[PDB]
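Worksheet: one structure, shown below.
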There are 2 protein chains.
Amino acid sequence: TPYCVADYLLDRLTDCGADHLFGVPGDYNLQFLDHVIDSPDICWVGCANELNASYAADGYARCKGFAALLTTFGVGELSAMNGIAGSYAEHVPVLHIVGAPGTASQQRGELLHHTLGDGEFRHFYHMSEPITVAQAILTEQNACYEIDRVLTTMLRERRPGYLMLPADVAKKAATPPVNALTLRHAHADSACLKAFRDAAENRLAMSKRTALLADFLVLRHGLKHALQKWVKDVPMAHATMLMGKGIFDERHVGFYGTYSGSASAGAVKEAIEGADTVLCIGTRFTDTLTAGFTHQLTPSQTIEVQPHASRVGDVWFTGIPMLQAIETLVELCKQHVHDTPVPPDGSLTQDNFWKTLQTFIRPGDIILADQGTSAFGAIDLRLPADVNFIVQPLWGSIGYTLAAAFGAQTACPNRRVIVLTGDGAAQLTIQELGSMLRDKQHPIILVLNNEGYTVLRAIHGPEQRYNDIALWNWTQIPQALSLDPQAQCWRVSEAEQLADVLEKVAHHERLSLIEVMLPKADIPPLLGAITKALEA
Amino acid sequence: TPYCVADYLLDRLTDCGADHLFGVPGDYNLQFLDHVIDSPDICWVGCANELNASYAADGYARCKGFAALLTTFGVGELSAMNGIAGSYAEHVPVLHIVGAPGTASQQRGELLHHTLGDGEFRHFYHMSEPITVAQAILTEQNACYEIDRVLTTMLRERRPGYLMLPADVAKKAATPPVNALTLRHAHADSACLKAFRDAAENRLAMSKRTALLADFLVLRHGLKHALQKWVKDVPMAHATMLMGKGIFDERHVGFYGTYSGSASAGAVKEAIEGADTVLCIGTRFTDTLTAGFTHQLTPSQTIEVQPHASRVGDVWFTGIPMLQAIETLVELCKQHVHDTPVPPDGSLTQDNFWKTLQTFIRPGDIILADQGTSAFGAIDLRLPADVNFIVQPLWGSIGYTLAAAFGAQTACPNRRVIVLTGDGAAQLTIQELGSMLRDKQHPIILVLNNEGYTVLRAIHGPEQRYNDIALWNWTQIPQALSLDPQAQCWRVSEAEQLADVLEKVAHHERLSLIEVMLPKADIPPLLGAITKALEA
Ligand SMILES: Cc1ncc(C[n+]2csc(CCOP(=O)(O)OP(=O)(O)O)c2C)c(N)n1
Ligand SMILES: Cc1ncc(C[n+]2csc(CCOP(=O)(O)OP(=O)(O)O)c2C)c(N)n1
Ligand SMILES: O=C(O)C(=O)Cc1ccccc1
Ligand SMILES: O=C(O)C(=O)Cc1ccccc1
Ligand SMILES: [Mg+2]
Ligand SMILES: [Mg+2]
């Protein structure tokens with residue numbers, strides 16, 4: 001077992017922050033997998049299918065800052081394509097490793113399984129190009145520096161990378177690196193940073209009341225502490241949108257709720273949109289996050305910070321890392337901003353479900369909500385400290401949440417994971433519940449059983465049959481997907497029942513599946529406003 | 001509800017042979033779905049996820065000659081990418097309809113859900129290019145003739161097509177066609193056909209023993225009957241490979257078993273490879289079908305017929321329809337082939353499982369086997385007449401078989417569907433069993449429970465844990481995926497038990513799940529030949 005390219009890739013994987021490898025085996029990656037098994041730093045996590053494996057890696061990377069997925073050539077990598085695209089859309093650094101046929105087999109154009117039968121072995125590599133920031137076909141002549149380049153770009157951009165690893169390449173000799181891969185910090189040209197600073201100070205110095213709006217790019221680049229630190233030194237009205245929920249302790253002074261554009265609570269609208277200067281840190285104003293682009297923030301009202309560029313008014317200042325832009329704004333805010341922010345009983349409904357769940361969440365929770373009433377209702381939760389809130393509203397792929405929960409629980413085995421998934425969403429990735437059971441995880445899974453696609457019903461054709469789903473027996477699923485499930489399940493239809501059951505499960509001693517019976521047409525407040533804005 | 005582009009697409013869809021549309025709804029395709037619901041000719045089939053929906057359409061198209069899949073922009077189409085690629089690889093005409101945001105939203109580059117957040121709406125259209133034979137972005141200015149062009153190319157090439165249907169384009173006015181969409185058989189230039197006939201006539205005239213080898217491309221282009229009649233009218237040693245199994249009634253004289261390169265029964269090798277002239281009709285010599293490319297067929301020994309070109313010896317004759325080449329060769333065989341033929345108890349094992357199943361299959365059966373010991377064992381079955389044998393050994397995506405069975409059973413509600421899936425494979429697409437139960441289908445599902453990836457174990461690392469799987473309670477799955485599964489399930493470990501159970505479920509009055517307990521290391525004969533031809 002001499003040190004080879006496969007070992008080099010695994011060593012670089014640990015350098016980037018991953019302690020587990022998700023995926024599904026195939027004959028093209030079995031020999032690479034031997035090095036994963038033997039590795040003392042990387043844990044193989046076999047998944048029920050590649051799409052779930054890619055979802056799990058995404059959720060894993062949202063907890064550890066990095067993740068890796070292993071698939072087999074063609075059938076595996078294409079199954080995971082939607083997950084990688086979601087990681088690209090929401091800036092999640094998931095490394096897609098594709099085990100591939102040997103280079104000699106590729107060069108002869110053989111009619112191998114997992115190919116289109118045309119002897120071409122680069123179709124799927126090119127198909128991955130739009131959803132990755134870097135990729136490489138690893139050869140004997142490029143492997144180690146291509147691995148470093150892709151991972152480095154992945155770390156810089158916080159977005160997926162792709163490596164095609166032919167089985168013969170994996171075995172090629174390599175030498176262990178003396179230093180851990182860490183390309184680290186970049187600094188703006190001091191004149192460029194000074195110009196930004198000067199422009200931001202002029203704007204901030206003339207601001208009567210400043211507000212702060214941070215979102216998911218703060219999370220992805222590891223600036224959550226800095227933003228928390230920011231609001232503590234510099235009290236001001238602050239909020240996130242749905243994607244970046246969890247950046248702030250929502251019980252802190254100056255926080256009035258999540259910002260949603262026009263769908264926002266009245267206090268939130270006044271706190272953020274009423275400020276003459278709003279600092280938008282890592283924000284993307286997507287249709288869902290702004291309830292149909294109904295946000296009212298003018299360019300002259302805002303200072304914007306993006307990963308490599310920041311904007312003051314109409315002027316953009318490019319080639320500035322967001323970290324330096326934030327440090328600049330923090331210093332400036334300490335000088336020029338002086339605001340002192342002034343502070344169950346019946347049939348289950350969306351309203352009393354979320355109120356009941358609000359009393360249940362605790363610090364340290366990992367909360368995942370899928371698209372549908374789960375995410376659009378969970379936006380109203382008042383998150384305590386140290387909560388990792390995982391939602392995917394830009395990509396919006398239902399089924400992500402259940403499989404991502406498995407990755408998150410793998411990342412943080414000692415943290416309580418709460419899964420908020422619709423009945424429709426859970427059908428798409430249900431087989432990863434077996435992975436949770438196999439690995440003895442103890443998530444609290446709440447299935448919002450409204451018997452179909454309620455969000456779709458609220459958008460169009462509520463009585464149409466395409467909005468119906470096959471009606472599953474949810475409390476029986478753990479017993480079918482495990483020979484001895486360490487789990488308990490309940491079906492609740494009353495608010496007192498749910499609160500009583502949530503009381504029972506509180507310290508998550510086993511996996512909990514709570515089937516929540518909800519009305520077919522019941523809608524959380526945010527989604528009602530999103531539907532109200534969909535008309536023309 | 002005036003007639004519009006959406007109705008035109010559905011009208012053309014029925015013309016091509018699809019009576020059902022598979023997929024998953026999304027807000028971008030709800031209004032088109034109203035036309036599917038309202039249509040009296042096409043039935044909406046909601047699926048548990050898009051990947052299973054694409055698998056189901058593939059199996060549906062293998063029974064009706066055409067199929068359609070409907071997904072939503074981005075999250076849906078990318079989830080279905082592996083299914084479409086498999087349809088492209090094995091020449092299955094599946095139409096992928098992608099409901100998309102309105103053109104105005106696309107033109108403004110809005111930050112819409114199901115996008116990468118870059119305002120780009122053509123990434124996923126271009127990613128589908130390598131795995132479709134034709135595509136179009138439907139506009140108000142091109143919709144109807146782009147629809148016709150894509151379907152016509154699909155009909156000609158027997159391969160998937162792609163249509164992006166912006167929600168606004170679907171509502172644009174159209175006129176119902178007086179002529180049903182059809183693609184009239186091409187005709188070879190009479191000199192080119194004559195040149196091939198004269199070269200083939202010379203080749204056959206000096207051949208003492210001729211054998212016939214047909215495979216899946218015969219099935220896709222609708223030449224099954226032609227090959228059947230050809231061997232009836234001219235008896236000769238004939239065979240198929242694994243992909244084209246089912247072309248022949250395997251009980252007629254001159255059929256000795258499926259051809260698998262070096263892995264043949266002695267009679268099959270002598271029947272096919274021993275012939276001085278072998279007619280290869282629609283054959284692709286992939287690694288799995290040839291047991292590692294160990295087939296011995298020389299160019300001078302073979303006459304080969306492909307969809308648009310045929311070969312005699314070293315000379316290719318292009319621009320000849322496959323039908324005309326066969327017709328020509330049928331004429332010639334009558335002229336120059338003047339010849340005729342040549343001359344369960346105890347613990348369940350792979351050997352006695354397939355022996356037991358051999359006595360169970362009947363005419364009219366639709367048999368689907370997934371990659372693994374299921375497909376590699378089912379190759380030894382001697383099929384009776386009118387059997388549709390669905391295997392996917394070129395693409396080889398496990399999980400296809402279970403979801404494809406749902407599509408096939410939808411296609412043929414009055415035929416008995418036998419599903420041969422491994423435990424590993426069935427985990428990937430298990431949620432489509434709920435679709436089977438919701439639609440009151442009655443397949444006989446045999447899950448080969450060898451507790452993990454046995455074929456992978458036989459290839460590499462039998463004791464390695466990446467070849468293990470989560471151990472499910474298979475007979476309990478219908479009770480979890482339905483509120484009233486009228487299903488009958490058994491766990492069998494004895495052959496006498498299995499035969500008794502197979503007698504019980506023979507007339508498929510209910511869905512049957514037979515969990516077949518097989519040894520972890522038990523191997524079908526073909527896979528042993530595939531393993532021995534590796535790293536040699
Ligand atoms: C993979 C995928 N397919 C389709 C969609 C379209 N879509 C968006 S919300 C939704 C319904 C979700 O329903 P459910 O999970 O039951 O949530 P509910 O609103 O009913 O609470 C669908 C199908 C998607 N987002 N992702
Ligand atoms: C979607 C997909 N993922 C991974 C593979 C790689 N692969 C090929 S055969 C196989 C084993 C299949 O196991 P099972 O379905 O239980 O059949 P068995 O060979 O175990 O009888 C695997 C993992 C594949 N072919 N398709
Ligand atoms: O291992 C894989 O990638 C498979 O898909 C299973 C397999 C193994 C050997 C030949 C064909 C398929
Ligand atoms: O319908 C879809 O495509 C969805 O993904 C659900 C949805 C509906 C409205 C806003 C965001 C997501
Ligand atoms: Mg629902
Ligand atoms: Mg198995």
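Convention: sequence-line order gives letters A, B, ...; per-chain numbering from 1. Both ligands and their constituent atoms are indexed starting at 1 by order of listing.
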Under the side-chain hydrogen bond (donor to acceptor under 3.5 Å, both in side chains) rule, collect the residues that match up with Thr288(A), sequence neighbours excluded. none

May I ask you to check if ligand 2 and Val24(A) share an N or O to N or O distance below 3.5 Å? no

May I ask you to list the atoms of ligand 2 that are less than 4.0 angstrom from any heavy atom of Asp423(B)? 16 (O)

Closer than 4.0 Å to some heavy atom of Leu428(B) - which atoms of ligand 2 meet that? 1 (C)

Strictly by modelled atom types, are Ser435(A) and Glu432(A) linked by a side-chain donor-acceptor pair under 3.5 Å? yes

Hydrogens and angles aside, do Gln371(A) and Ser397(A) bring a side-chain donor and acceptor to less than 3.5 Å of each other? no

Backbone, side chain, both or neither: what part of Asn450(B) comes under 4.0 angstrom of ligand 2, heavy atoms only? side chain

Nearest neighbour in protein (non-hydrogen) for atom 25 (N) of ligand 2: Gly396(B) O, 2.7 Å

Checking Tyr400(A) against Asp58(A): is there a side-chain donor and acceptor pair closer than 3.5 Å? yes

If you measure only the distance, is there a donor-acceptor pair under 3.5 Å linking the side chains of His460(B) and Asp34(A)? yes

Check whether any side-chain N or O of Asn449(B) sits under 3.5 Å from a backbone N or O of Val516(B) as a donor-acceptor pair, and report yes or no. no

A student checking ligand 2 against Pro25(A) at a 4.0 Å heavy-atom cut-off should list atoms 4 (C), 5 (C), 6 (C), 23 (C)

Answer yes if the ring centres of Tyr28(A) and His113(A) are under 6.0 angstrom apart, and no otherwise. yes

Side chain, backbone, both or neither: which applies to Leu448(B) and ligand 2 if a contact is any heavy-atom pair less than 4.0 Å apart? neither

Measure from the ring center of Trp395(B) to the ring center of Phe124(A) and say whether it is less than 6.0 Å. yes

How does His114(A) reach ligand 2, if at all, at less than 4.0 Å between non-hydrogen atoms: by side chain, backbone, both, or neither? side chain

Take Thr373(B) and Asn450(B), measure what side-chain contact (heavy atoms from CB on, under 4.5 Å) needs, and give me the verdict at the end. CA-CA 10 Å; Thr373(B) 69; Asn450(B) 38 34; 4.0 Å; yes

List, ordered by chain and residue number, the protein residues whose closest non-hydrogen atom lies under 4.0 Å from any atom of ligand 4. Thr288(A), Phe376(A), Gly396(A), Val455(A), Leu456(A), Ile459(A), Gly26(B), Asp27(B), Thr72(B), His113(B), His114(B)

Please classify the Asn82(B) to ligand 2 contact at 4.0 Å (heavy-atom distances, strictly less than): side chain, backbone, both or neither. neither

Could you walk me through whether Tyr259(A) and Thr290(A) pass the side-chain hydrogen bond (donor to acceptor under 3.5 Å, both in side chains) check? CA-CA 8 Å; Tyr259(A) 180 65; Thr290(A) 54; over 6 Å; no

Please determine, by modelled atom types, if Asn49(A) and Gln427(B) share a side-chain donor-acceptor pair under 3.5 angstrom. no

Can you tell me if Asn52(A) uses its side chain to pair, donor with acceptor, with the backbone of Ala403(A) under 3.5 Å? no

What atoms of ligand 2 come within less than 4.0 Å of a heavy atom belonging to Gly372(B)? 17 (O), 19 (O)

Could you find the nearest protein heavy atom to atom 13 (O) of ligand 2 and give me its residue, atom name and distance? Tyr453(B) CD2, 3.4 Å

With respect to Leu456(B), determine whether any N or O atom, backbone or side chain, lies less than 3.5 Å from an N or O atom of ligand 2. no

Would you say the ring centers of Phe406(B) and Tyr55(B) fall short of 6.0 Å from each other? no

Residue-ligand contact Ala426(B)/ligand 2, heavy atom below 4.0 Å: no

Taking it one step at a time, do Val45(A) and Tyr466(B) satisfy side-chain contact (heavy atoms from CB on, under 4.5 Å)? CA-CA 8 Å; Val45(A) 185; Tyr466(B) 52 73; over 6 Å; no

Checking side-chain polar atoms at under 3.5 Å, does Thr71(A) have a donor or acceptor matched by the opposite partner on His96(A)? yes

Atoms of type N, O or S from protein under 2.8 Å of the Mg ion (ligand 6), total 3

Could you tell me whether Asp27(A) and ligand 2 have an N or O pair separated by under 3.5 Å? no

Nearest protein heavy atom with distance in Å, relative to atom 3 (N) of ligand 2: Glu50(A) OE2, 2.9 Å

In plain terms, say whether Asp522(B) and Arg457(B) are close enough for a salt bridge, that is, a side-chain N and a carboxylate O under 4.0 Å apart. no

For atom 26 (N) of ligand 2, what's the nearest protein heavy-atom neighbour? Residue, atom name and distance, please. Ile398(B) N, 3.0 Å

side-chain hydrogen bond (donor to acceptor under 3.5 Å, both in side chains) involving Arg438(A) - partner list, sequence neighbours excluded: none

If you measure every N or O of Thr373(B) against every N or O of ligand 2, does any of those distances drop under 3.5 Å? yes

Could you check whether any heavy atom of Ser397(B) sits closer than 4.0 Å to an atom of ligand 2, since that is the contact criterion I want to use? yes

Ring centroids only, cut at 6.0 angstrom: are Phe285(A) and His295(A) within range, meaning strictly under it? yes

Starting from atom 11 (C) of ligand 2, find the nearest protein heavy-atom neighbour and note its residue, name and distance. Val455(B) CG1, 3.3 Å

For atom 15 (O) of ligand 2, the protein heavy atom that lies nearest, with its residue and separation: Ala425(B) N, 2.6 Å

